[PDB]
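what's the 3D shape of this:
(one chain, ligands or ions: 1)
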Amino acid sequence: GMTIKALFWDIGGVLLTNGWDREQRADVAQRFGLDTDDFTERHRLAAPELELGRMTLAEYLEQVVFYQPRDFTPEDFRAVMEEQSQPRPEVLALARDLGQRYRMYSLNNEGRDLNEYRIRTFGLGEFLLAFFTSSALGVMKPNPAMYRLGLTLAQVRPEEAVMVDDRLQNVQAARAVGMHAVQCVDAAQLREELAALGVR
Ligand code: NA
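Numbers count the residues shown, from 1 in each chain. See below for the structure:
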């Protein structure tokens, strides 16, 4: 087939843990003594706009946490949010290796502040050339438009690209715009499937 010219990488659940998923929020909420039902409902409402970069973290925190007096600060809270991010060593290592031979980019959903913390903390920029992130672009996976935008920014044809994501819905959406895609289950599996596409 066409030679692959670019890889697009999901970050959460692939390169790193998710930044602010259900399980993590549950944990952090407990630590801060938050009413979990109210917190979850408020997060549900506000999260998408944070993810799309149309509301600030301060704004989100105002609605989701600091809507009543608290015995801690937004800075305190933000610190603990940031700390939820941990590496996925084997996949990271694979990506770092491949980055020596291929042009690669992120295509991921994440609020700006957590995104930038994750990039700097884990040196994602050493192997990803650009970060096509929801909070920067104002669209989010699994919107077909996000995939198309990534392709447009990288200037590669759909068939010359491969999307790596842990969610089947995202893999399928990528394929629907003409991209190759592989669902990331584990490093060994991902390496083999990429190799099948000529990405070694
Ligand atoms: Na993911």
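
and residue 164, which of the three is it?
Assigned by DSSP: H, G, I helix; E, B strand; the rest coil, the conformation of residue 164 is strand.

Now do it: how many residues are near it, please.
28 (other CB atoms under 10 Å). All C-beta atoms are positioned from the backbone trio N, CA, C, and that covers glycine.

same deal with residue 89?
Residue 89, neighbours per other CB under 10 Å, totals 10.

swap in the one 4 residues further on?
Residue 93 is surrounded by 12 other residues when neighbours are defined as other CB under 10 Å.

Then the one 5 residues further on?
Per other CB under 10 Å, the neighbour tally for residue 98 reads 19.

Nearest residue to the residue of the chain found nearest the ion in space, please, no chain neighbours.
Across the chain, the shortest distance to the ion (CB to the ion) belongs to residue 13, at 3.5 Å. Distance criterion CB to CB, 6 or more residues apart in numbering; nearest residue to residue 13, sequence neighbours excluded, is residue 166 at 3.8 Å.

Hmm, residue 164 and the residue of the chain closest to the ion touching each other?
No - here residue 13 does not reach residue 164: they are 10.4 Å apart, not a contact under CB atoms under 8 Å.

Need the overlap of contacts for these two.
residue 184 (CB atoms under 8 Å, 6 or more residues apart in numbering).

which stretches of this structure form strands?
6-9, 103-108, 131-133, 161-165, 180-183 (DSSP state E).
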